[PDB]
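S.K.: begin with these chain(s), straight out of the complex:
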Amino acid sequence: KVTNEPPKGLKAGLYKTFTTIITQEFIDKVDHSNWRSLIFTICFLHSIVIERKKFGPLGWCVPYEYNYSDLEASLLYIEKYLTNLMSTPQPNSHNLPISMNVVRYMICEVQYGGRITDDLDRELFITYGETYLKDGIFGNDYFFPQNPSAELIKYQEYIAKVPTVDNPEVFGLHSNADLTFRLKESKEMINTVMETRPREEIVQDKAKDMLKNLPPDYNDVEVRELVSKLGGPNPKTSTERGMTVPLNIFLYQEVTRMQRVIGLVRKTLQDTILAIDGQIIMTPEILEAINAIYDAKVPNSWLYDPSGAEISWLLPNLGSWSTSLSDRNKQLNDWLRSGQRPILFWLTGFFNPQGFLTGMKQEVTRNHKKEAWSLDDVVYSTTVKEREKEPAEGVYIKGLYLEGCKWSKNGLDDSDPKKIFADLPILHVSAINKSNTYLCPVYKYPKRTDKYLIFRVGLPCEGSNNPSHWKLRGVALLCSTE
Amino acid sequence: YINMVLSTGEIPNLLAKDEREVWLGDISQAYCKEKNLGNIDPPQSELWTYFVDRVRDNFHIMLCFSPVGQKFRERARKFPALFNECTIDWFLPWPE
Amino acid sequence: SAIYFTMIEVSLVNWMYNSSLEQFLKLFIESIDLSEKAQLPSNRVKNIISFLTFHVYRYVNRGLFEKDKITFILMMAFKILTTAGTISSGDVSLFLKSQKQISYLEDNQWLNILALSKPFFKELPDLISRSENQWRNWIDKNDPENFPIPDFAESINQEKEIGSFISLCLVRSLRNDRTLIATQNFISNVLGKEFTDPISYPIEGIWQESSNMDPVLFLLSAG
């Protein structure tokens, strides 16, 4: 058995690229000026976007498998383009009269357009084409990273001078990216030896002391009463009411799912300890629960179902998981038991954050300009409250986290403190119609996929750096920190 | 089936496949002196009553189960009359 | 025997990491043929432990993947120490799985305080650890293990029979960021620095192993 997997070097990939389709693609030119730079542009694009995945979710949401099939494809086209253009050209002003805007659309949304499953990777890849292609062949400029002459062995020495280890600012990405790369490569490495190896003692007693610490159930015959006794967007605008206000029905829906999880955990903790201390024919699931209780990872019985029921999947057994579940029930209880609406809502605790926002939308249409405003006419916006120390329409959200700059006057993050708090981003809704702005996503978990995209936030704070600088930098406003 | 035998004893349409009547006519002759209705007459359904009386009086059932395995406890739980009417004289667990 | 019961469980992490005991027997009998007998049999017995480990070690690495390189070396250390040093499986699980007191440190760090708090781990999170006199620079300094050694238990770090495993439980609980260069460190200590070094298979040399009666498998990756 022999393994011959590839390395993660920019030169190494670039040098290999320069030993796949060479000495007949490079020598059959009939032009040393224009398309020679076009080849150099696409192969540099090729080696950069492939190596970008080294960092992880910051560079690419999921791994993609770009290969030369797209590269040597991208070539066959621009050749057919340039041959048919110059077939009617009886004389070249300066080596060409090309209008290189079609090649953008193609290299952007076709060749590497097949693998892309995410939406954000679309414009992210279009931005890379913009900064690298320049929309023109300058002939005389410094690549952000040098620029070639027109000889083959010159390309080899060009590749020879390239440094071995580079810095992520060649991708436009921040220098602190080295940390998270080691960490995830660290994590997945241990995770494998955690599978080389895959007990009935005091540990089951420790869990026995645990199940008398999680909060009790909320009997619906009481909860249906509670949500119905009191509820309203503002005490002055309306009397107490239940079903009609979107925030009370959201209260109910959240208490149901919370109760659904609280019942399962209390039961499985019991039946796990009620097999040795108690008596029952041993269950494979209970045995899997015992092994998970000893280790750090919670059992699958609380995270996934045959199709999927992700609830609060966090890493440790009790360090954060039961901590997060407790905090959710705590903030849900005072949101219920006292029944008043507190300031500084915690968006992470809610299972469905989107319904919270659309509920706010409906609230504004009903309470305000009602009639004057229709639900299809209201649009969404946000004003981030640039303050530390401190109702009106909109909400106050707590616990957001930014990555890579500050709240306002966004600057370069220091070496440490990769994840930074996000200040109070009060919301704002207005009816429609009644390019300096940068748009950011909001991901629930740090996995950064198409799902968990709750809403998008316009972040106008630019100064001298255009938003494309931030787009390549991959800034985002995530919610959890794990 | 054995649970319904314990409880009622009348198997649905097993002794009633055109045979209950002939079987009971083969017992009315014992009936006439057993119940002793002044040695005068009898009836029809009461003959079946006395027949089920006789069969449940003279049908003893001994069930002998394993204490170990997986099925015994859940079988007892599925059938209530199994453990219930049946007296439990408990065989000693081979003491010393 | 302790070494062999390590390469068995690597078949459980992934298929195709499967091999017999006969191949290990040929590797074992060979290792005695290669460099075992020169003179002074007792020192040659210690030449077994130095050479036998490296021979089987490099043989399994030829079929290992990149994400599995530091894995197999980590268990070989543990399985070696599960018999001689009598390392507790509970302490092993403490090294694999795991705040009111400290105020300056972060909630992300406070999770790790409650992580380490729950022998003397439950005895030195007090004012000794809450001194906050020079360890603040230590937590700030990159590579916290090498130059600015924690003096929390100096003598326990000097003994080194278990002080390595003690320092690694401290490193992982405090700073999971630098767990892995530290993983190379104590692997290089307990087993020798000759395991933490680059390897590259000369395909000319690999051809020498391949007789006519055995094929050459190739577990490749994309690109």
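M.R.: Cool, got the structure. Numbering: from 1, shown residues only, chains lettered A, B, ... in the order given.
S.K.: what residues does residue 78 make contact with?
M.R.: No chain specified, so I'll use chain A. By CB atoms under 8 Å, 6 or more residues apart in numbering or on different chains, residue A:78 lies in contact with A:35, A:38, A:42, A:103. C-betas here are computed from N, CA, C, even on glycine.
S.K.: hmm, no, I was thinking of chain C.
M.R.: The contact partners of residue C:78, by CB under 8 Å, 6+ apart, come to C:87, C:92.
S.K.: sorry, back to before: tell me the buried residues within the contacts of residue A:78.
M.R.: Neighbour-count burial (16 or more other CB atoms under 10 Å in any protein chain shown) applied to these gives A:35, A:38, A:42, A:103.
S.K.: for chain C, state which of these is nearest.
M.R.: Minimum distance to chain C across those is 17.3 Å, recorded for residue A:42 (CB to the nearest CB).
S.K.: for the residue nearest the centre of chain C, which non-adjacent residue is spatially closest?
M.R.: Computing the C-alpha centroid of chain C and ranking residues by CA atoms, centre = their mean puts residue C:74 first, at 3.1 Å. Leaving aside its chain neighbours, residue C:74 sits nearest to residue A:193 (5.4 Å; criterion: CB to CB, 6 or more residues apart in numbering or on different chains).
S.K.: how near is that neighbour to residue A:187?
M.R.: For residue A:193, the distance to residue A:187 equals 12 Å [CB to CB, to the nearest Å].
S.K.: neighbour count winner among these two?
M.R.: For residue A:193 versus residue A:187, neighbours defined as other CB atoms under 10 Å in any protein chain shown are more numerous around residue A:193 (22 against 14).
S.K.: buried sites along the strand or helix carrying the more buried one?
M.R.: Secondary structure from DSSP states H and E places residue A:193 in helix A:177-196. Across helix A:177-196, burial judged by 16+ other CB under 10 Å covers A:177, A:180-181, A:183, A:185-186, A:189-190, A:192-194, A:196.
S.K.: same check on stretch A:65-79?
M.R.: Along stretch A:65-79, the positions that meet the burial threshold by neighbour count (16+ other CB under 10 Å) are A:66, A:68, A:70-71, A:74-75, A:78.
S.K.: okay if I get the residues you listed as CSV plus secondary structure and distance to residue C:47?
M.R.: Formatted as CSV, the entries for the buried residues of stretch A:65-79 read as follows, by DSSP: H, G, I helix; E, B strand; the rest coil; distance: CB to CB, whole Å:
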residue, secondary structure, distance to residue C:47
A:66, coil, 50
A:68, helix, 49
A:70, helix, 54
A:71, helix, 53
A:74, helix, 58
A:75, helix, 58
A:78, helix, 63
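S.K.: throw chain D on there as well:
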Amino acid sequence: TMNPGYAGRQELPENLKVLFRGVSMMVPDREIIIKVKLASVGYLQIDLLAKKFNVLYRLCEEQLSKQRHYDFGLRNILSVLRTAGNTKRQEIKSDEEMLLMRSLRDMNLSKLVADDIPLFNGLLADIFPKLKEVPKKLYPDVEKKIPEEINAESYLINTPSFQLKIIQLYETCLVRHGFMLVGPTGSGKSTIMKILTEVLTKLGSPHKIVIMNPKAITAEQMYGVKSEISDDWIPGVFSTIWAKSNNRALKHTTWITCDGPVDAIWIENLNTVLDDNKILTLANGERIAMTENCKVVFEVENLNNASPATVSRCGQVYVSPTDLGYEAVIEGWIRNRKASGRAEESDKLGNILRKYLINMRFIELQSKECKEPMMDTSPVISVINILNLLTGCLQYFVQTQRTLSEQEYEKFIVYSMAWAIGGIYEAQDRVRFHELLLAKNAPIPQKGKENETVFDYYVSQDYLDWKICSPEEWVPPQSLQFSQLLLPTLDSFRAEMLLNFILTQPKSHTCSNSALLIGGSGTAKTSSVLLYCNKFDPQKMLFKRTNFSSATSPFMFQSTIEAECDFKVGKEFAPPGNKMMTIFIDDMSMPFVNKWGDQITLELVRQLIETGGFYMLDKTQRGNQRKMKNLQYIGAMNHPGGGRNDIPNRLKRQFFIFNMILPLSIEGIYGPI
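M.R.: Chain D now in position relative to the chains above:
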């Protein structure tokens, strides 16, 4: 169009991956479809209306209550559009948005349960704000013809809820292929269907209705199969009804009614008939085309085993219990009381009944502790129970045609409603219920009341007294333990006293003449029951015994009931069955509950109690039912909760349920022997 990874799915060789180029298609659309459908209809405000549709249906999907029969998919959208076609096709030139709001609202009104209506229309107001209100287009011929037949029948009362339900039914019949009438039992779905067919028949254009129930006949018989013995074909009943109905040159308008909840296995193969194809395909290779002469209706209660593929294929109308609900049901019973016994009885009973029921029922649930209602119920069952008990309390005076004062009736109310609400409680609950009655209720026995509850005493018919006793009787001279069968206990006597009252009543509405004890394992269930059964008169009153285990099936219960009756009493038969017969069950809880939570076992009994009879399984004929013109039913429960199973809540509405406590007097039972 390769596909990434299932069971039976392999990989492409690296030789083959070089050739192909990836193409990513992730998310389908909903808005462009809306606007192109508004086009296909013919509108002019397409782009704004599409946003209206999308936002309205999305909000109604997410922020509304979760009900299983709810559907807001592309099929509902396409139906709305194909309706809106004609609405613009008329000479109308008003703004399209008025017509659109009207169409959307009047289309989606039907399915929603009572609670979602205010939310629905308050959501409509947030999207159509410039429009304030539009009247619903009313059909004058229908709205005038309904009350004529409502009055022509004798026992029909006209209600605006009946009007609105029957008109929504009319509209959904106008629009869609087939429909379901979802709603609880005793709510009038069959009556609505009948009166609707009548109003369609009045102005010419006749209408016929056929009835069938799918889960009482086997599906292979329902649709016909190939014989497994002789290699020849056998017809299937549903297909025969279809071929007999869908012929042209007829004057009927046939409505095939399936009656009984939807299990996917048998209904999903009607996707072609309930879709736009309108074609039946059989495994025989036979296709038969649908005609406008035919409609498919499902008088099903509710959908619990239904996928969206069938939920969204046909229309639906939801009938609610409030048509006749709690105090309204009381009022209907008072209307029945003022029919014949109309001297003063309705008024003189109601003068207490009203306040005694409205201001008292909710102060017994959780006002006092009452934290052990072993049978968790809804109020309406306790109410219907006190009603059927009160009819049996007063039947004697109704027979002898005597009119009593108001105090006697107050005490009869108190006696009847002590039980039937106190029959689900234990001794400490009965004494707290007792002190509540002492505090704020009409007088109960006060003569001695020596540490005794109100439940011990009873109202005497001869005079206004609370006495109770058990007669003395020793044994026959025989010495068998069975000869020492049972003794005249006070618990047995009071059980008979409660039981006979409801067992004499002659099949009134809301009354099925069926009893239910609740006792612990070994708490004199069969003792008291058999004590009652021995008192039967076999010359006009028979008895049948049956027990339950886990694995008893419809074949078993169907067979034992068919062997009990031995005749089809429906077609003028059973001289020996012309006597009354009763069926006694020791434990209806034991049969297996399915993995979903719906035990299938009690459904046959449910149909037998509610409508009587069932569909035969004899390999000869399928669409037909045996009928039971007369049968009685009694059963016992074993303290449900925890390890003990529970009966479906749908059937709780029929059985008179009450407790059977331990005797607390076992010193006086074995004294005589």
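S.K.: please reconsider the contacts of residue A:78 now that chain D is part of the model.
M.R.: With contact taken as CB under 8 Å, 6+ apart, residue A:78 is in contact with A:35, A:38, A:42, A:103.
S.K.: quick one: it from residue A:137, how far?
M.R.: Using CB to CB, which is the criterion applied here, residue A:78 is 12 Å from residue A:137.
S.K.: so what sits against both of those two?
M.R.: Both residue A:78 and residue A:137 are contacted by residue A:38, under the criterion CB under 8 Å, 6+ apart.
S.K.: look up how far residue A:294 lies from the residue of chain A found nearest chain B.
M.R.: With CB to the nearest CB as the measure, residue A:281 is the residue of chain A nearest to chain B, at 5.8 Å. Shown here: residue A:281 relative to residue A:294, a distance of 22 Å by CB to CB.
S.K.: of the two, who's got more company?
M.R.: Regarding residue A:281 and residue A:294, a neighbour count based on other CB under 10 Å identifies residue A:294 as having more, with 19 against 10.
S.K.: show me the contacts for the more buried one.
M.R.: By CB under 8 Å, 6+ apart, the contact list for residue A:294 reads A:199, A:203, C:93, C:97.
S.K.: reformat the residues you listed as CSV; add neighbour count, secondary structure and distance to chain D.
M.R.: Below are these laid out as CSV (neighbours: other CB atoms under 10 Å in any protein chain shown; DSSP: H, G, I helix; E, B strand; the rest coil; distance: CB to the nearest CB, whole Å):
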residue, neighbour count, secondary structure, distance to chain D
A:199, 11, coil, 30
A:203, 14, helix, 29
C:93, 15, helix, 35
C:97, 16, coil, 32
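S.K.: before we move on, back to that, make a markdown table out of the contacts of residue A:78 and add secondary structure and distance to chain D.
M.R.: Putting the contacts of residue A:78 into a markdown table (DSSP: H, G, I helix; E, B strand; the rest coil; distance: CB to the nearest CB, whole Å) gives the following:
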| residue | secondary structure | distance to chain D |
| --- | --- | --- |
| A:35 | helix | 22 |
| A:38 | helix | 20 |
| A:42 | helix | 16 |
| A:103 | helix | 17 |
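S.K.: and the strands in chain C?
M.R.: In chain C, no segments count as strands under DSSP state E.
S.K.: the longest helix in it is where?
M.R.: Determined from DSSP state H, the single longest helix within chain C is helix C:41-61.
S.K.: tell me if that helix is near chain A.
M.R.: No - Helix C:41-61 stays clear of chain A (CB under 8 Å from any CB of the partner chain), getting no nearer than 8.9 Å.
S.K.: in that helix, which residues are buried?
M.R.: By neighbour count with 16+ other CB under 10 Å, helix C:41-61 contains the buried residues C:47, C:52-53, C:56-57, C:59-61.
S.K.: another chain to add, chain E:
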Amino acid sequence: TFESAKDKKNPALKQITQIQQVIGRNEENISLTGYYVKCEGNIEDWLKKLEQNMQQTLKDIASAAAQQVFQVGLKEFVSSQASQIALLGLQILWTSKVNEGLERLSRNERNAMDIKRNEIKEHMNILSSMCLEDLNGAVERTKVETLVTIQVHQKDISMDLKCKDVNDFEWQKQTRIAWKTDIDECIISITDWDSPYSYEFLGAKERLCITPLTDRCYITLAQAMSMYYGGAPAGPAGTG
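M.R.: That brings us to chain E, laid onto the chains above:
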């Protein structure tokens, strides 16, 4: 249809004169042929002749249609031509007119581009008002909304089409068409990939809507064909 031409001393030969596509029971689309196809002794001969004459007649009717689209006005040619030809005419109309407006913008600041945009805006109303609400026949019905989907997407692109000239990205983003006259032939253009129309009689078919994802896929397959490969799409159940 088969028309018997009676040759002298030979039994009358059945020749094809028109082709029809039937959907349902009555609804159908009929297409005449000027160039005829005659039966023969060899089956491949008259099959091939059917194919070739169909291709040629489709070509020449499209050649006349490219002219009649602009001369008569919308309603006339939309009602006269078939669905395929009407869609082609609408697309070529829109492309040519947007080109004209762009070049007039390139000359100086002009209203001409906006006036052409407004002409499309006007076409939308006269289309959607009448021929969508009331109509006879299933094929005539489906043709209409087949046009209206395309027209709504046309308008949706034309409102935000902020390109300065033909070279621009936003204009060389979509599926354009050009029926060249100097060499009489249709050419469907993508950014620069071009392919000639294949002239297969399809009648009225229910083509679907155009989402940016479908755009992405058009781009991808266009280049896959430019590079002589085969697009192999992948994904989850039912996404088009």
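S.K.: re-run the earlier check on the buried residues of helix A:177-196 with chain E in the model.
M.R.: Taking 16+ other CB under 10 Å as the criterion, helix A:177-196 shows A:177, A:180-181, A:183, A:185-186, A:189-190, A:192-194, A:196 as buried.
S.K.: returning to what we had before: got the contact list for the longest helix of chain C?
M.R.: Taking contacts as CB under 8 Å, 6+ apart, the residues outside helix C:41-61 that touch it are C:3, C:7, C:10, C:19, C:24, C:27-28, C:30-32, C:34-38, C:69, C:72-73, C:76, C:191-192, C:194-195, C:199.
S.K.: quick one: which of the residues you listed sit in helices?
M.R.: C:7, C:10, C:24, C:27-28, C:30-32, C:34-35, C:69, C:72-73, C:76.
S.K.: so residue D:297 lies in a helix, does it not?
M.R.: No - remark: residue D:297 does not belong to a helix; assigned using DSSP: H, G, I helix; E, B strand; the rest coil, it is strand.
S.K.: show me the contacts for the nearest residue to it once chain neighbours are set aside.
M.R.: If you skip the residues right next to it in sequence, residue D:297 has residue D:257 as its closest partner in space, 4.9 Å away by CB to CB, 6+ apart. By CB under 8 Å, 6+ apart, the contact list for residue D:257 reads D:193, D:209-212, D:297-299.
S.K.: dump the residue contacts of the residue of chain A positioned farthest from its centre.
M.R.: In chain A, counting by CA atoms, centre = their mean, residue A:90 sits farthest out from the average C-alpha position, at 51.8 Å. Contacts here follow CB under 8 Å, 6+ apart; on that basis residue A:90 touches nothing.
S.K.: how about the secondary structure of it?
M.R.: Per three-state DSSP, the secondary structure class of residue A:90 is coil.
S.K.: measure it to residue E:182 for me?
M.R.: Residue A:90 is 19 Å from residue E:182, where distance means CB to CB.
S.K.: before we move on, what about residue B:49?
M.R.: Distance of residue B:49 to residue E:182, computed by CB to CB: 111 Å.
S.K.: who's more crowded, these two?
M.R.: residue B:49 (10 against 5).
S.K.: that one is in what secondary structure piece?
M.R.: helix B:45-57.
S.K.: can you list the helices and strands that that helix packs against?
M.R.: Using 3 or more CB pairs under 8 Å, 6 or more residues apart in numbering or on different chains; DSSP states H and E as the contact definition, the elements that helix B:45-57 packs against are helix B:20-25, helix B:28-34.
S.K.: point me to the residue of chain C nearest chain D.
M.R.: Using CB to the nearest CB, residue C:220 is the residue of chain C that sits closest to chain D, at 8.7 Å.
S.K.: please look at that residue and residue A:1 and confirm they touch.
M.R.: No - with contact defined as CB atoms under 8 Å, residue C:220 does not count as touching residue A:1 (11.3 Å).
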